[PDB]
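S.K.: Would you be able to build a 3D model of this:
(chains A and B, ligands or ions: 4)
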Number of protein chains: 2
Amino acid sequence: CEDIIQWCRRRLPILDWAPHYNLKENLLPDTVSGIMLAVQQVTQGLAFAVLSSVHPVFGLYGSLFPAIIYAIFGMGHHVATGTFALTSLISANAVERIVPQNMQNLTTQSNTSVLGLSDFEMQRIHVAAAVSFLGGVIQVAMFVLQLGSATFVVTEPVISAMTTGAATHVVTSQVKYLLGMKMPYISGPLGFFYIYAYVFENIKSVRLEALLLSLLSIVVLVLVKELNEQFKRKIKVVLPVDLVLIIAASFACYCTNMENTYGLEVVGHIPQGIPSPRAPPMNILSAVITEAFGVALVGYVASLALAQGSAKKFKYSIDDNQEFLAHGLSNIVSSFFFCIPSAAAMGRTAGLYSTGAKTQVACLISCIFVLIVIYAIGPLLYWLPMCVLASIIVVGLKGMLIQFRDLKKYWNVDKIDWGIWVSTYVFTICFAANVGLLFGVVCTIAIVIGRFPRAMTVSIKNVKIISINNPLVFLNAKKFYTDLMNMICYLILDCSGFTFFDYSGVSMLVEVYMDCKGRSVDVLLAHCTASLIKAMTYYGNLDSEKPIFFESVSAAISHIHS
Amino acid sequence: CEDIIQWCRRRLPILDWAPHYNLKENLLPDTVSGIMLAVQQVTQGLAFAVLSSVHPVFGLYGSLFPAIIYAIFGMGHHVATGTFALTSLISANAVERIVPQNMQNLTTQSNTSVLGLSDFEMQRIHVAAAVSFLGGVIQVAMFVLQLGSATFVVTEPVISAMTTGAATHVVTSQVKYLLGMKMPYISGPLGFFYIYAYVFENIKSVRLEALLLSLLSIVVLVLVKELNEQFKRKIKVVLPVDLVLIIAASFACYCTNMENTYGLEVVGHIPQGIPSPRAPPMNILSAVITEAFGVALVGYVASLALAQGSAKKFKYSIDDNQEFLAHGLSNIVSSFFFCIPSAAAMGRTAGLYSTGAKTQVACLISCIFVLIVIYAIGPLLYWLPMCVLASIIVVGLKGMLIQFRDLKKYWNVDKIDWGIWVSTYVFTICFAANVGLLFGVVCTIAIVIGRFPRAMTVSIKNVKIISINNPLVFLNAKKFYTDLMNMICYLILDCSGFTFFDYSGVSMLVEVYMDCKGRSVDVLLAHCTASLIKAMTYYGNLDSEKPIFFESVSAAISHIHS
Ligand SMILES: [I-]
Ligand SMILES: [I-]
Ligand SMILES: [I-]
Ligand SMILES: [I-]
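M.R.: Numbering: from 1, shown residues only, chains lettered A, B, ... in the order given. Ligands and ions are numbered 1, 2, ... in the order given. The relevant structure is shown in the block below.
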């Protein structure tokens, strides 16, 4: 049928922009954006595969396949799917719990040892792929039963606080690389403070060379990135400072013995790869349920925020339910190619904004470059120090960390969203990002619920006319009663603003009617829609041959003159 | 201070009705109600202490102390605290899990064997007392932080469905006594069907004498109780059919060997009691957390419903937070006297209505009679068959079971509360009463939340005037936008019905203003309270020297004429 064809065409938004592509003004900016995004995605993939307690080579795969799937199935134009450290910090818990460090040695190194990797490295990527697969199927299920229409519960302050707290957590997790020391996997309901306790207790074990390298890299990156923004009118491009820093650090670590003399840590091997696809270990799909739910929700909300921001900024329309399908398909297809959970990072979107990308082609061209890294520039990334990579990551987290300035706006506007922001931030700092999101949503719903029984439900208009403003539900059913008995020969209830109700509202309206009848004051109603009339005539046994319901306030006023 | 004194006086409502008592028209009906309630409380205490997997003598204690404490600390007039089978069915789970049947034999019978009971009987009453104590402290804590104001979330259909399902469960639990067979403790997420599966698989083990006795008792009870109400005008009293049935059954079981010849089951010993108070075992207070929460919530909700019904019927005012304190104190004080969890049953309230009780004195006089049962009529309750007791209980459950007629009203009024009723009933039948209550509350909140983004948010009134009906929160912030852009030189937003908002509402209002400015249509506002003006001027950078906010619609109309 025609409707079936329309439905099928609505699930592939690429056909909306592929034939309409213009190679006269949407090619050069898209190409430049792709080149500038390739290095960002490569560095983020490496640093967030190390953050996910898997081999760094798998973050490179995480920057290739989900981007293609989202380009085919995604609605947002400036959304670049990838590694997204927020989900890596969640999958690391499952990876470290199922496969702890005590099985590091005495391995096989053969018997389906994919790539050139040793054993105990496939045991961890298998758990990560299982987490990705379960998160993808959860997202697809949430697409089937249309929960994308229920995304209004996640408000702006909750997402802002959760992302700021997660940025602080990611900054904390990179501290050991900037300092140069080694720490065990510390996680839990208060790991943020335990990490710094460990750092301060072992302050004599830090390496000065790593500290100076990280400080120099951070200073140079911040200086170049802040000087380029202010001089945008003169310099009409974006300076690739990250690429220059990576090349300089690698060349300085190679034309020395800085891996041996001044004991440093570098990115290990990165073998040339893309092996044959393999199904994830469905045996583990029962022990990673909570991590799968956490990634499937956190990644979706963080990516939907970016998609909605892009749609608002560039004046186009997106669907909150198509993002569910796009992200679920990305995760499911990626889990077969040894990929960690994927989502959209705000830094890549900000880079796309600053470069001038137009369509999803900029997110595809970068993939073409990532392939080149897999097969050609793979072994070349041996001498990049982890201090420089950590400096790059913490400088790129600036957009997420700068969201502390929303506190002034929330204080000057609401002062109730200010408290929600602060509570969500402290919960995200203490426990985690998913706990922070859940707490924020629950707190928002509870606050909005506890504000109906303490708000004015009627308005007196200048026989007296009383207009019913808000809908009459169980939330403000009793408050309505005491609102109407407090404002007491005739009475007109203008029900034009009375849209929807329930059993409690109808029962309370009938109770008000009978109580006013008992106190020798008549109650004439108004528009009252058409279902309200039926409900009130059934509940109150109201006879149809008595004038109670009128078509307008003027009709009731005319009925008074009789 | 005077406020402290008034606060302390508000916590003892007995002083509100003790000195104002009138022993002219509030004594004879109160005395008759007390006499007619004593036998009801005795039978329910016995049959609900057996239902709680403890000795039947402890249900007699459960009908004595919480009644006194609620009389001192309670607001409702026709509320009689006691055993309340709904809470017994919850505490039985803890009793049977902590102390299962396999240690019934090989006991000590000494070393602080209270009263004359064997051991393994104190082991169960200790667990029940711990459950009641923890529930009481939970209720007192819920009184401290004033959660009694947040009781509007529990609606009438949820309570009705939960009570009907629990009544069906209680009818199921008494089936073995009516039939005469014996069953092991069956409970779980589908125990209601497993009980009947056991009954049908062992249909050859039922006792005919017990079945005929139960059928005769049920028929006589129903006949007398339905003939008495319909001849209320002639018979100006309530016939004590339960007392006559108990005496007749006991006397016909004594002047025969019906405990031996036609093998029956009778009430065991009922020793003369009221022992010394003893603190409940605090070692167990960690294994009964869920049962304590279940009783503390179900009992409070089912008793608050009755208190509110009484207040509405007899035109007085109660406090939803004082009931928390009264019930918590009742449970805590009763836990020291070997009592099972306590609450208010609907049958006792219906009996109080039908007798003519006026104050809480009718709930105290019965206590005086219960004392007589403890010390004098204790051993006399040996030959009462369990078939007659089960018949009495299932006939008394008529008020709870008749609530199926609310389905017609809910169908003819709402059709959305009808679905909530049905869903809560089926969940209560499947799992339990507490699960049913939780599901009902969550379903009500979810349905009410889902109904905001699909309701009309504005109303055009006959330049064009558009009145803002509902509050602008995150629930209907987006729906408002598309509601106002769809209805599009001048535009007036009558903000009289606009009462409370949040960040999302203010941001959406400012977005509508800017978009209308871009489309060359001016937006003039209205009353707009006083904080809305500040929020809109801050968020939108609105200058105070431009006419945007007016005091009334007529002022805006006058501004047009310029
Ligand atoms: I990120
Ligand atoms: I996190
Ligand atoms: I009951
Ligand atoms: I139950």
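
S.K.: Straight-line length of stretch A:280-294, end to end?
M.R.: In stretch A:280-294, first residue to last residue: 19 Å (CA to CA, to the nearest Å).

S.K.: Would that stretch count as contacting ligand 2?
M.R.: No: between stretch A:280-294 and ligand 2, judged by CB under 5 Å from the ion, nothing touches; the nearest distance is 9.5 Å. Where you see a C-beta, it was placed from the backbone N, CA and C, and this is true even at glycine.

S.K.: Need the residues that contact stretch A:349-362.
M.R.: A:14, A:17, A:21, A:25-27, A:29-34, A:36-37, A:40, A:70-71, A:74, A:77-80, A:238, A:306, A:309-310, A:363, A:399 (CB atoms under 8 Å, 6 or more residues apart in numbering or on different chains).

S.K.: Of those, select the buried ones using a PyMOL command.
M.R.: Entered in PyMOL, the line below selects the buried ones among the contacts of stretch A:349-362, by 16 or more other CB atoms under 10 Å in any protein chain shown:
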select buried, chain A and resi 26+27+29+30+32+33+34+36+37+40+70+71+74+77+78+79+80+238+306+309+310+363
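
S.K.: Which positions in stretch A:285-302 come out as buried?
M.R.: For stretch A:285-302, burial by neighbour count (16+ other CB under 10 Å) applies to A:288, A:291-292, A:294-302.

S.K.: who's in contact with that stretch?
M.R.: Stretch A:285-302 is contacted from outside by A:84, A:86-87, A:90-91, A:93-94, A:98, A:127, A:130-136, A:138-139, A:142, A:151, A:154, A:159, A:162-163, A:323-324, A:327-328, A:331, A:341-344, A:346, A:432-434, A:437, using CB under 8 Å, 6+ apart.

S.K.: same question, stretch A:535-542
M.R.: The contact list for stretch A:535-542 (CB under 8 Å, 6+ apart) reads A:501, A:506-507, A:509-510, A:513-514, A:525, A:528, A:544, A:548, B:409, B:412-414.

S.K.: One more: stretch A:518-534?
M.R.: For stretch A:518-534, using CB under 8 Å, 6+ apart, the contacting residues are A:488-496, A:498-499, A:501, A:506, A:512-513, A:516-517, A:536, A:547-553, A:556, A:559-560.

S.K.: circling back to that earlier point, restricted to helices, list the contacts of stretch A:285-302.
M.R.: Among the contacts of stretch A:285-302, the residues falling in helices (DSSP state H) are A:86-87, A:90-91, A:93-94, A:98, A:127, A:130-136, A:138-139, A:142, A:159, A:162-163, A:323-324, A:327-328, A:331, A:346, A:433-434, A:437.

S.K.: which ones are touching residue A:369?
M.R.: A:34-35, A:38 are the contacts of residue A:369 under CB under 8 Å, 6+ apart.

S.K.: again with residue A:446
M.R.: No contacts exist for residue A:446 under CB under 8 Å, 6+ apart.

S.K.: and it, that one's in a helix?
M.R.: Yes: if the criterion is DSSP: H, G, I helix; E, B strand; the rest coil, then residue A:446 is within a helix.

S.K.: Report the closest residue of chain A relative to ligand 1.
M.R.: Relative to ligand 1, the nearest point of chain A is residue A:345 (3.8 Å; CB to the ion).

S.K.: Could you pull up the residues touching that residue?
M.R.: A:44, A:80, A:82-85.

S.K.: which two in these are spaced the farthest apart?
M.R.: A:80 and A:85 (14.1 Å; CB to CB).

S.K.: that older thread, would you reformat the buried residues of stretch A:285-302 as TSV and include secondary structure and distance to residue A:319?
M.R.: As requested, these are arranged in TSV below (DSSP: H, G, I helix; E, B strand; the rest coil; distance: CB to CB, whole Å):
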residue	secondary structure	distance to residue A:319
A:288	coil	29
A:291	helix	27
A:292	helix	24
A:294	helix	24
A:295	helix	22
A:296	helix	18
A:297	helix	18
A:298	helix	20
A:299	helix	17
A:300	helix	13
A:301	helix	15
A:302	helix	17
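
S.K.: Flag every residue of chain A that's near ligand 3.
M.R.: With the criterion set to CB under 5 Å from the ion, chain A never comes near ligand 3.

S.K.: got the residues of chain A near ligand 2?
M.R.: Counting by CB under 5 Å from the ion, chain A comes close to ligand 2 at A:89, A:166, A:169, A:433.

S.K.: Considering those residues, which is situated nearest to residue A:102?
M.R.: Nearest to residue A:102 among the residues of chain A next to ligand 2 is residue A:89, at 21.9 Å by CB to CB.

S.K.: The closest one and residue A:169 touch, don't they?
M.R.: Yes: counting by CB atoms under 8 Å, residue A:169 is a contact partner of residue A:89 at 6.4 Å.

S.K.: Now for the two: what residues contact both?
M.R.: A:432-433.

S.K.: Which residue of these two possesses the greater neighbour count?
M.R.: Remark: of residue A:89 and residue A:169, residue A:89 carries more neighbours, 24 against 20, as counted by other CB atoms under 10 Å in any protein chain shown.

S.K.: in chain A, which residue is closest to the centre?
M.R.: When CA atoms, centre = their mean is applied to chain A, the residue found nearest the centroid is residue A:302 (1.1 Å).

S.K.: Contacts only, for residue A:320.
M.R.: By CB under 8 Å, 6+ apart, the residues touching residue A:320 are A:148-149, A:151, A:304, A:308.

S.K.: And those, which of them are buried?
M.R.: Judged by 16+ other CB under 10 Å, buried ones among the contacts of residue A:320: A:148, A:151, A:304, A:308.

S.K.: which SSE is the closest residue to the second one other than its chain neighbours in?
M.R.: Sequence neighbours aside, residue A:320 is the residue nearest to residue A:151 in space, at 5.0 Å (criterion: CB to CB, 6 or more residues apart in numbering or on different chains). With elements delineated by DSSP states H and E, residue A:320 resides in a region that no helix or strand encompasses.
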